[PDB]
Amino acid sequence: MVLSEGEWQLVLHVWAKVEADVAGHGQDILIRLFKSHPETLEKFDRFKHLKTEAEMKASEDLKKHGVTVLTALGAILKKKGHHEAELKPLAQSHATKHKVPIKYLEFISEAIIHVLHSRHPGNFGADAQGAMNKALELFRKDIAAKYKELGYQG
Ligand code: HEM
């Protein structure tokens, strides 16, 4: 798939607002993921012990990982589809080391969309949401193709 320039502009416009508070958005997204799909917490040996939302909010380690996740995703979105070099090491770690199925990447995609709609309603109307969904679908489609090349396919 291919996004139009206008689609990328909608994506990068709301992303610029996210970037005013990367740590805050990263915490909100991971907490939303873990609340909505508890099974995904199981993949994180680092965070598996956290019992409540309150404990998640207080964790410095979870906030640091939120920043890592959004910084990587930001770097990919800013390539506007030209992201093959960026995606290779991420696909390799997530297939071979962390064993993250494609379904869980759909779950975090949903979490991203929920938080942007909650925090940026004026810059995340229907057309901007459609553009962000397309961008995240492109990301998942290309990571899935790399999973297959690497021997995981899950
Ligand atoms: C937008 C999607 C995602 C991005 C951009 C992303 C990014 C990253 C990055 C950059 C790292 C550190 C370097 C590495 O190990 O590759 C990482 C680590 C990790 N990711 Fe992801 N990730 C994503 C989705 C997920 C999902 C959905 C899961 C599991 C449900 C997951 C599980 C892990 C685990 C277990 C680690 C290691 C954490 C630790 O340090 O103990 N990732 N991810």
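Positions of Cβ are generated from backbone atoms using ideal geometry, with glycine treated the same way; all protein chains shown enter the neighbour counts. Readers should treat all values here as calculations from the given coordinates under stated rules, not as data from a laboratory.
Here the spin labels are modelled as points 7 Å beyond Cα on the Cα-Cβ line, and at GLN129 and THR71 they lie 3.1 nm apart.
For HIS117 and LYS148, the FRET efficiency from 1/(1 + (r/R0)^6), where r spans their Cβ atoms and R0 equals 22 Å, is about 0.10. Our coupling estimate for segment 129-137, obtained by passing each phi through the Karplus curve with A = 6.51, B = -1.76, C = 1.60 and θ = phi - 60°, is 5, x, 5, 5, 4, 4, 4, 6, 5 Hz, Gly and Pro reported as x.
When every Cα-Cα distance of the chain is counted in 5 angstrom steps from zero, the calculated P(r) takes the values 1, 9, 18, 21, 22, 16, 9, 3, 0 percent. Mean separation of Cα pairs under 8 Å and 6 or more residues apart, divided by the residue count, gives the chain a relative contact order of 36 percent.
Here r is the Cβ-Cβ distance between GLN92 and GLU60 and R0 is 35 Å; the resulting FRET efficiency, rounded to 0.05, is 0.80.
The phi torsions of segment 49-55, fed into the Karplus equation with coefficients 6.51, -1.76 and 1.60 and a -60° offset, translate into couplings of 7, 5, 9, 10, 4, 4, 5 Hz, rounded to whole numbers, with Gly and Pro shown as x. Once the C-beta distance of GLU53 and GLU106 is scaled by a Förster radius of 30 Å, the resulting FRET efficiency is 0.85 to the nearest 0.05.
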